[PDB]
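Chains as they are written, first to last, in full-length UniProt numbering: chain A, 5 to 57; chain B, 40 to 104; chain C, 2 to 84; chain D, 2 to 142; chain E, 19 to 258; chain F, 1 to 167.
Just so it is clear, CB atoms sit at the ideal spot from N, CA and C, and this is done for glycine as well.
Structure, as structure tokens:
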RNA sequence: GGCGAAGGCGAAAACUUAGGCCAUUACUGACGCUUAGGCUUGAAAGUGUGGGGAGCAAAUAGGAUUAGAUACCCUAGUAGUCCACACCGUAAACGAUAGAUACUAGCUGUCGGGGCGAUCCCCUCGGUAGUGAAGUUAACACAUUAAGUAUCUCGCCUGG
């Protein structure tokens, strides 16, 4: 995140912010096939879809 | 979601619509997908291109602040 | 959209035409000249190449069918202008 | 009385009619329409006179120059089709010609064959009476 | 009359937005409430013809079983029919390997008879856990197959309140060629049985008069009460 | 053709001098002119480029030769008086129409109902209304009709009926 | 989700061009299918040329388990890479499925338009995942988003 001073609220959002930053940096910090490079995002989206319609 | 789909114009352009942009854009300066924005598919690409222009236009940062 | 209303309305094969053999082939050749100029200006445009081949061969089979189909309704554009 | 999406010009009327009939037999369809064709009118009429066909009607749009023809593939009120299968002997690419000496029975003689001989369509059985041969178009029963 | 329109007020209706057009001659288009509604005059004529057929065949006094539990109200209605006019029934339905082969059910009825005769002696004299086990075997009898006690043959007619709810009762009966009466609601052909009935019971106000009119169309054969055949008697009640 | 241009002037500077230099930059258009003298006032860049914490926003709307705006895209972007030259035209995903304008009654209705501002009505902004009539005005229809009715025989009760009285 | 000759297409912007989609009660009078032959592009790797080389990088150098670790582990590290000319011509280029014609239940939805209609719900036509009856089948399973049915042509396989 950019701000964090709350005791219990902002940390949970910061967790997903860090997860998003990791997902965004795990495609350009190391060169690889674009196949899996996009498959990771597509599979994350698919997993997030069917769990909660 | 966008007012443009609710009025009918079939396109948008950067006329400093930043207000509605803040509904589509997280405070993290990253474009949320079609789910959050609420466009159907056409205004979705319109707001996508507008947000990308704003990135180019420096209306919205890429990530740097 | 290079030409859509020029040659199909200024030229009337029969009593009235909105789409026919020779108006279509004349517009097709106008777009052929336009596309050849475009690809001479920009050599790496292949979609135009395939479209031009399709257009010219469709024109050729248009003329081939119109040979027998009508006595003489094709002797206005059977040639090419690219030399 | 067209079904939907009016039928355009196929490669040959008989093939389009065969598709329509097979689809009627498969997907529970009763009345089917085909492009205007005099041979279609003749074959529908002779199938009606044969007893395997229901009502057939020529159809026109806002204009009368274009035409189509619809017909009810004869279904009894207990969901059974009168026509159970078709086969074409003559094909657009190969119009097989069989003279009067080349008219046998239909797989036991139970079926019906059709020939385009001189004018209109004649059954091979009645064509053999007039010592008439010709190009046989289809076998049906 | 029979199948009168006083019985058809919200009788029609089914699941929202899920239907196959295999139902061709009885279901009307639905997009207002998505609950598939149906035409009524055709149902009246078909059900009157079916009543004539069932009374004619019931004058021979054939065996009939009550098997349908689409909703709780269907269960209540079939219980009412069993307590008023019955010759044999099954609690829920055949569980498979029981309809196209009644050996597994003839032995079931014989074992029920012998189990009652044997448990008449069990008076908590050997093991109390074991007499609870026997009472629980009886309980499982009522749950799985408590209805098969008086049916000594294969019924000539089998009621099917839903082709999607009576898998065994339809399939095993269709292995043989016994006459079968079934409904057709939203996703099946109306031609899977001998006589056609496109009626439904999923609606709360439907199965009441449906079951009453079916029951009083056969109950007259056994010289038993008949109160829904042409009488103005009717019910407007929710499913329960 | 039609051309709306969004201007990004370099860094923080006076409004009028930037307007004049943006006019000079519009002069680089050979014949794309007919501008309406206006601007978007002051709007700062949300992020520092490397030392540019703010800028000024100007809009220029006019028409001309479409080929002759590429040279503007060169000159404005190169010269240190414009940073971004945003162009509007049909190549960017277009939807405009000069006859779809009679839909601004829906604009007023949605401004009213983008969020229901009354305590009595607090419906979600994404819920139906259903005054529905279902207008089509596009069907591709053909008026097929029967003129010769031969062989009277039809198939309407195609549902099975069988298995009469059984003992 | 759409646009896509395939290969694909996303920091933007625009010149241009192409393909559309919906609707036109319309015209040449069906003027079109496949493709011998000819034409065209072709993911990507890499190549000579001139330049650039930021960055990583094979091969590996060295080092860690090791019976061997040569494959998998870490660092140093160049060919390579990269920009254009010329050459690249293949991919698990696939839809494991060449097409074109005509026809054939549906449905949850949704997309582009014609849209009445805050948006809507609701559709008309084309599209986008599934669905299941006919149909299909060695079975997988497909099914009007056929592996369904018929018409015309190019490519192929006759056991390994």
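- The shortest CA-to-CA distance from residue 91 of chain B to any of B:80, B:79 and B:71 is the one to B:71.
- A direct Cα-to-Cα measurement between residue 158 of chain E and residue 224 of chain E gives close to 31 Å.
- Here residue 104 of chain D is actually not in contact with residue 120 of chain D; their C-beta atoms are around 18 Å apart, not less than 8 Å.
- Contact between residue 103 of chain F and residue 47 of chain B holds, since their C-beta atoms are separated by about 4 Å, short of 8 Å.
- If you draw a straight line from the Cα of residue 16 of chain C to the Cα of residue 74 of chain C, it is about 13 Å long.
- The Cβ of residue 161 of chain F sits closer than 8 Å to at least one Cβ of chain E.
- For residue 59 of chain D, the three-state secondary structure derived from DSSP is strand.
- Taking all protein chains shown into account, residue 79 of chain B has fewer than 16 neighbouring C-beta atoms within 10 Å of its C-beta and is therefore exposed.
- At a cut-off of 8 Å between beta carbons, residue 60 of chain F makes no contact with chain D.
- With contacts defined as CB atoms closer than 8 Å, residue 100 of chain E and residue 81 of chain E fail to qualify as a contacting pair.
- The Cβ-Cβ distance between residue 89 of chain B and residue 53 of chain B falls below 8 Å.
- Residue environment for residue 153 of chain E: exposed (fewer than 16 other C-beta atoms within 10 angstroms of its C-beta).
- For the UniProt region "Disordered" (121-153) of chain F, the beta-carbon criterion of a distance under 8 Å to any beta-carbon of chain D is satisfied by 142, 143, 144, 145, 146, 147, 148, 149, 150, 151, 152 and 153.
- Pairwise C-beta distances place the region 130-138 of chain D out of contact with the region 204-220 of chain E, as fewer than three of them are shorter than 8 Å.
- Cβ-Cβ distances below 6 Å link residue 89 of chain E to 257 in the same chain, with the five nearest sequence neighbours on each side left out; the list follows chain order.
- A contact between stretches requires three or more CB pairs, one per stretch, nearer than 8 Å, and the region 72-90 of chain F meets this requirement with the region 5-23 of chain F.
- Take residue 77 of chain F, set aside five residues on each side of it, and the residues of its chain with a beta-carbon closer than 8 Å to its own are 83, 84 and 85, in chain order.
- Think of a sphere of 8 Å around the beta carbon of residue 65 of chain F: no beta carbon from chain E falls inside it, the nearest being about 52 Å out.
- With a 10 Å radius around the Cβ and a threshold of 16 neighbouring Cβ atoms, residue 57 of chain F comes out buried.
- If you keep only unbroken beta strand (DSSP E) runs of at least 3 residues inside the region 25-56 of chain D, you get 32-36.
- Rounded to the nearest whole angstrom, the CA to CA distance from residue 58 of chain B to residue 40 of chain B is 12 Å.
- Annotation: the continuous alpha helix (DSSP H) that includes residue 128 of chain E extends over 121-137.
- Between residue 45 of chain F and residue 16 of chain A, the alpha-carbon positions lie close to 31 Å from each other.
- Here residue 186 of chain E carries a helix assignment [DSSP, helix/strand/coil].
- Under a 10 Å Cβ-count criterion, residue 76 of chain C is classified as exposed, with fewer than 16 other Cβ atoms of the shown protein chains found around its own Cβ.
- Residue 218 of chain E: not part of any beta strand (DSSP E); DSSP gives it neither H nor E.
- Around the beta carbon of residue 66 of chain C, a 10 Å sphere encloses fewer than 16 other beta carbons of the protein chains shown; the residue is thus reported as exposed.
- Counting the other CB atoms within 10 Å of its CB gives residue 111 of chain E a total of 16 or more, which places it among the buried residues.
- Across the structure, residue 20 of chain E and residue 130 of chain E are spaced so that their CA atoms are roughly 40 Å apart.
- In this chain, the alpha helix (DSSP H) harbouring residue 110 of chain F covers 104-113.
- Under a criterion of Cβ atoms nearer than 7 Å, the residues of chain E adjacent to residue 166 of chain F are, in order, 75, 174 and 197.
- Chain order gives no chain B residues near residue 5 of chain F, where near means a beta carbon separation below 8 Å; the closest approach is about 11 Å.
- For residue 69 of chain D, the chain F residues whose Cβ falls inside 7 Å of its Cβ are 144, in order along the chain.
- Within the region 43-75 of chain C, complete alpha helix (DSSP H) segments of at least 4 residues are found at 47-70, given in chain order.
- Secondary structure in the region 45-101 of chain F: the alpha helix (DSSP H) runs of 4 residues or longer, each lying completely within the stretch, are 70-78 in chain order.
- In this structure, the CA atom of residue 79 of chain F is about 35 Å from the CA atom of residue 97 of chain F.
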